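A look at the structure
Each chain, written out:
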Amino acid sequence: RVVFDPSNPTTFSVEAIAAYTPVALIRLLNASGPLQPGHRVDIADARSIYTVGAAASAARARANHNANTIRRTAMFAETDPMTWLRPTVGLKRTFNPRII
Amino acid sequence: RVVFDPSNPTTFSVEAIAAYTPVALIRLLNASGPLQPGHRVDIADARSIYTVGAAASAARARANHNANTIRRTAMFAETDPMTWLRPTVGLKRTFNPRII
Amino acid sequence: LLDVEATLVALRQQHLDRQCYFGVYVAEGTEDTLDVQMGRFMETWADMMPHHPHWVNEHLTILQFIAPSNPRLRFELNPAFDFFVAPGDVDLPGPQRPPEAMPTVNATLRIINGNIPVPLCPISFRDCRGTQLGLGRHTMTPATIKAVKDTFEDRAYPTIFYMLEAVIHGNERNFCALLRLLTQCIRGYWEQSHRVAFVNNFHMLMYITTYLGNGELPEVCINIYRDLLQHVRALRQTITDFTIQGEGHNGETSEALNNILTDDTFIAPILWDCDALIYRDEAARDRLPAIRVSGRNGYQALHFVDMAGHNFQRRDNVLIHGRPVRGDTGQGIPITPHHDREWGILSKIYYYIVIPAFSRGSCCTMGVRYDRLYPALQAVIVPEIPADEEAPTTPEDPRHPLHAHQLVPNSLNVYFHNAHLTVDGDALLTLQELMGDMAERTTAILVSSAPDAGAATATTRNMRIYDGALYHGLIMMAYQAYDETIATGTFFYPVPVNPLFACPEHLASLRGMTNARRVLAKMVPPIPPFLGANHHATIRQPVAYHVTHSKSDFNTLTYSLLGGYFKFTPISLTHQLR
Amino acid sequence: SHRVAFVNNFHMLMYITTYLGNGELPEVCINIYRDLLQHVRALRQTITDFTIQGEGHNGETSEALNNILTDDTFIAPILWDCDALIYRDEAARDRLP
Amino acid sequence: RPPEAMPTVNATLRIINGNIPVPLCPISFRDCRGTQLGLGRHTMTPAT
């Protein structure tokens, strides 16, 4: 599909797609473009798309989980302007907060 | 059955028998012919065709076991023609294929 | 003991034949570490080396070193200096092309009591020093030995952990957003093969005991961590008795002058943070200090870079650190080191004592190529779990993260399959909180400062002490060189900087390990001179001989590398002789 | 029978401690293999220690002139691959092969 | 099938040390020269 082209994903076409969906399609496609279309622009610029959009590609299949857990609190003290008369202690993340 | 047929099996009739069945069938008959009908092609011909013929007869005996398992995938590097931007890790095959 | 004018100026009168111009000449680096390791130090170090190797022969005995035929017997005259023949009319590193001239003898001061070549302070004395030094001090049980040495000399250690500690990079903001999976894999490598995990960074080993020694481990896999920590602390305590109190002078008090493992003016080999940097900056105020951060004079650094700031292939002088955990976060703090002195003095006692004992030379540093490490991180395949139904624990469950159907090749979820661990949903989707602390480029550094107040005359600072390191890379375990499901040199690449980690069998992961050079890597230690040299440095190959052939009983090499880390400099006697 | 497998071969001994070592095999069984490759590697390590370093001549280096085992012009009595024959031709050029 | 060639003396370099016949280099010396080697070296634990 979208491989014969100069930076079409552009850190955009990946937050629409689910995380698990594209990674299977790699071993589906065989060959790239014939005109080196999206490769005259730096290979680094191409690499500057998927690895920076994938944390949002997973953010939606993780944003469906958002309503079946408990939001974390910080792992340090993290001084607050209201901490007075109650001392802050941090929580190492161990528990299994998926609601069952 | 095909003991009195010179070079006729040749992986053109052996494939029909199953896997479980011909193991009882090869040890069924006893004799070659008195007019050496099943001899003028040497035993290194009859066995040479019979080995690959049994390989086939068991090859389409496993022509059905596919939709109860998961397919064979790439267990080596065998570099992806689309290797750029993605490092390809081989999968070790040691699991249980039984899908339900 | 500095009276060297009779051997320096009276030496530009005799004749000097030629040796290699490698182990005596230093250069600089400007590019990334990838090509300067794969293309540089391969074709010129197969043209500069093939004529007359030098300075590596240490198989010698005090019967053959002293016979009249020793080529070195002429250049060893005062046990407080390292004499040698080198390229002349050079006073700085310079370029990566050596100039033309007649040779000239520049000098340098032998720093530690160990730099004495092997057939002069033979290994017998060097490891008999331990039984006087560590007489009845902290020894550990042999079962922990059987475990840890196994872990080190293992030919099967999974690369999942290798990538694991290259994706934590030390800072505590992410360090605590993944702990479920981390204890799960430590259990997965302990309770499966009886071998501990994460033994390759005293950063991690001091991190862990304070947050896994309180319930999320078994009582033994963490007690081994505690053994490896408390023995380090006992060696830190062993020098408290080898010091006299009451000579605080020029910032450095007597605690800093005794051992080099205390010396803040010589930087640890693998530091991610800026601790000894600032510990050393108020030091060396009379010790001619200068730094080299990727060819550049000065340095910049930010507080936290994001994913949208990807730019893995920068060039400038940036030295990233994780995040300031609390306080202010905008244009407030130019720099602050994390904690007090207990980090930069202690993080390298492990490096320089403990690892060389279990390794015996079975280790080799490796810079990390990251442009396929975070790219191949953010595509984990984790099964959504029904709002009403519970989570699985078995791999046969068709909706467990590990099931044999959901397997998509070229994913991170398969590294565990090649690892035989257990994972769930609460363990792997807690990975992509790394968008707050991401390590862009592994780098190279050159740091230099004059000696301490004990070797400061008008004719010794011109023999400066160079120190090269590799920021944000990895020190690595035994290599395989026989694996196929994963490639050879596609993620890391060896940048041997310390003579404890200069294995040639581990050099076989660079593209271009030609057999006509694989013969020389077996003899001459592969060391790019812009990140360290033989004579001009503190740790040596004549010292590294005490880790390789010393054949200690595995409880004496550690303490032996301790008294062999004392200085022989006219001041350094003032305490050690009492 | 407490009796390990694939001991009458080296390739069989080699194909286990790398791939079958990720925790699939029982610890007190796999550690035998984990020990035997260690033993052959430590038998190779002592070859270097009883030779001088850098005195090669005519293809065959120092370690190729001391111990007949390590030298590549020698052969093993079993040939699975063909790389040993190729390696006895890369060298041995000037020994009338 | 070897031809009917008259006998003749020949010679061949004993390539390695061990080719010296044992009633000139005795097993008791062979194993002591071996034991001198494995000094502080690795040895398999009997469990293995």
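Residues numbered from 1 in each chain as written, not as in the entry; some residues may be left out. Chains lettered and ligands numbered in written order. Part of a larger assembly, values for the part shown. Heavy atoms only, no water.

Per the PDB record, the structure was determined using cryo-EM to 4.4 Å resolution.

**Let's talk about the sheet that holds strand β1 (residues 290–293) of chain C**
Residues and elements named next belong to chain C. With antiparallel pairing, the 3 strands of this open sheet are ordered in space as β1-β3-β4. On the outer flanks of this sheet lie β1 and β4 (465–469), each paired with one strand and no other. The mean angle between the axes of side-by-side strands here comes to 15 degrees, regardless of whether they run parallel or antiparallel. In this structure, strand β3 (residues 445–449) lies alongside β4, joined through 5 bridges in antiparallel fashion. Considered in β4, the bridge of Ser449 is made with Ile465. (Pairing = 2+ DSSP bridges. Helix = DSSP H or I, 4+ residues; strand = E, 2+ residues; numbered from the N terminus. Axes fitted to C-alpha atoms, helices over the stretch in contact; angles between N-to-C directions.)

**Topic: the sheet that holds strand β2 (residues 364–368) of chain C**
All names here are of chain C. Ordered in space as β5-β2-β6, the 3 strands form an open sheet in which the pairing is antiparallel. Each having just a single partner strand, β5 (474–476) and β6 (492–493) make up the two edges of the open sheet. Where β2 and β5 come together, 3 bridges link them in antiparallel fashion. Bridging from a neighbouring strand, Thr365 pairs with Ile475 of β5. Contacting β2, β5 and β6, helix α5 (residues 159–166) runs over the sheet at an angle of about 155 degrees to β5. (Contact = heavy atoms within 4.5 Å.)

**Some details on the interface of chain A and chain C**
Contacts between the two partners involve 31 residues from chain A, matched on the other side by 33 residues from chain C. Buried area between chain A and chain C, both sides added, is near 3,100 Å², and the carbon and sulfur share of it is 59%. It is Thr51, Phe76 and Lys92 of chain A in chain A that bury the most area against chain C; as a group they hold 19% of the surface buried on that side. Linking chain A with chain C are 2 salt bridges. Salt-bridge contacts for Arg62 of chain A lead to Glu433 of chain C; the nearest nitrogen and oxygen are separated by 3.6 Å. Summed over the shared surface of chain A and chain C, the result is 7 residue pairs in polar contact. Sorting elements by how many residues they give to the side of chain A that touches chain C places helix α2 (residues 43–61) of chain A first, with 8 residues. Across the side of chain A that touches chain C, the residue classes break down as 17 nonpolar, 7 polar and 7 charged. (Buried area = accessible area lost by both parts, 1.4 Å probe. Salt bridge = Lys/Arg side-chain N within 4 Å of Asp/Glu carboxyl O. Polar contact = N/O pair within 3.5 Å; in protein donor to acceptor, adjacent residues only side chain to side chain. Nonpolar A, V, L, I, M, F, W, Y, C, P; charged D, E, K, R; others polar.)

**A word on the nonpolar core**
All names here are of chain C. Of all hydrophobic cores here, the largest spans 132 residues; its most connected members are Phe152, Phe161, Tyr225, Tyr350, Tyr374, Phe416 and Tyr565. Among all residues touching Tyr225, those that are not within four sequence positions of it are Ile186, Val196, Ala197, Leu205, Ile208, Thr209 and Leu217. Formed by 16 residues, the second largest nonpolar core is a distinct cluster that contains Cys20, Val24, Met49 and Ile527. (Core = buried A, V, L, I, M, F, W, Y, C linked by side-chain atoms within 4.5 Å. Buried < 20%, exposed > 50% of the residue type's maximum accessible area, 1.4 Å probe, protein only.)

**Topic: the pairing of β2 of chain C**
Residue and element names in this part refer to chain C. Taken across its 5 residues, β2 has 5 buried, putting it largely inside the fold. Judged by which residues are buried, β2 turns out to be covered on both faces: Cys364, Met366 and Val368 on one side and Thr365 and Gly367 on the other are all buried. Where β2 lies against β6, 2 bridges are found, and the strand directions are antiparallel. Note that in β6 the partner of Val368 across the bridge is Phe492.

**Here we look at the packing of aromatic side chains**
Residues and elements named next belong to chain C. For the coordinates displayed, the defined rule picks out 19 aromatic pairs over all chains. Relative to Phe161, the ring of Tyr157 lies with its centre 5.8 Å away and its plane at 65 degrees, an arrangement referred to as edge-to-face. Across this residue pair, the class does not change: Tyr157 and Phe161 are buried. When the ring of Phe161 is compared with that of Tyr189, the centres are 6.4 Å apart and the planes differ by 50 degrees; the resulting orientation is tilted. You can see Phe161 sitting in helix α5 and its partner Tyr189 sitting in helix α7 (residues 179–193), a full 28 residues away along the chain. The same class applies to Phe161 and to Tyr189, which are both buried. The structure contains a cluster of three or more aromatic residues connected by ring pairs, namely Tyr157, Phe161, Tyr162, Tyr189, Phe198 and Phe492. (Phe/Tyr/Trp six-rings, centres within 6.5 Å; stacked < 30°, edge-to-face > 60°.)

**Describing the environment of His54 of chain C**
Residue and element names in this part refer to chain C. Here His54 lies in the loop between α2 (35–38) and α3 (123–133). Overall, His54 belongs to the buried group, its relative accessible area being 19%. Between the alpha carbons of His54 and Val305 there is a distance of 46 Å; along the sequence they are 251 residues apart. Not counting the four nearest positions on each side in its chain, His54 is found in contact with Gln19, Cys20 and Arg72.

**A short note on a positive patch on the surface**
On the surface, a cluster of positive charge is contributed by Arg27 of chain A together with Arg62, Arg71, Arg72 and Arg93 of chain B. One can find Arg62 of chain B in the segment after α2 (43–57). Residue classification places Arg62 of chain B among the partly exposed positions, given a relative accessible area of 41%. (Patch = residues over 30% accessible without salt bridge, like charges linked within 9 Å, V, L, I, M, F, W, Y side chains within 5 Å. Areas by Shrake-Rupley, 256 points an atom, 1.4 Å probe, with all protein chains shown as cover. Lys, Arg positive; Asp, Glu negative; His and termini not counted. Charge placed at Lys NZ, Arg CZ, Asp CG, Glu CD.)

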